[PDB]
C-alpha cells in the first residue's frame, strides 16, 4: 500500500517549503518528491525511492531522462509504521557508503527529524530537531524550515 495520509501531508509540507525556496532563488538546484528513482549503484543493484531528493546546481547532470544517477546532495526519508531497526540501519549504511552529503530521517510518530551530515567518509553524530525547532542546512543556506509547518497538528 501507499504510505498513510499523514506521511504524505508531511512529505508535501516539506516539498512545498523547499520547492518554494528554490523557485524564488533560481540557480540553487532542484527538489523531487517520491516516486523518483535514485540509482546509487547498478551492480549489485541499489535503487532507492526516497520521499524527497535535492540536487544542487553543480550536480544537475545527475538528473537523467529516467532517474537520478548517483548520490544526490540531500535525501529525506520519512519513517513508516512498518520500518524495522535493520531497515533504518541498512538505508543509513547505504547512503553513508555512497557518500550522500546530508540525510534527514523524519519520524512522523514522534514529530522529530534526525539530521546526519557527512564529514570525511562517515556521518557525524545526528542533530535532532523537535516540532518547535527550525530546521536548516548549509546545503540550502537561506532556507528556514519551521517544523510546526511540517508536522500537522
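Residue numbers count along the first chain shown, from 1.
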Going by the B-factors listed in the PDB entry, is the mean over the C-alpha atoms higher for 39-47 or for 23-31? 39-47
What stretch has the higher average Cα B-factor here, 144-152 or 1-9? 1-9
Candidate set 96, 102, 84, 107 [ranked by C-alpha B-factor, highest]: 84
CA B-factor ranking of residue 52, expressed as a third of its chain: lowest
Cα B factor band for residue 115 (lowest, middle or highest third within the chain): lowest
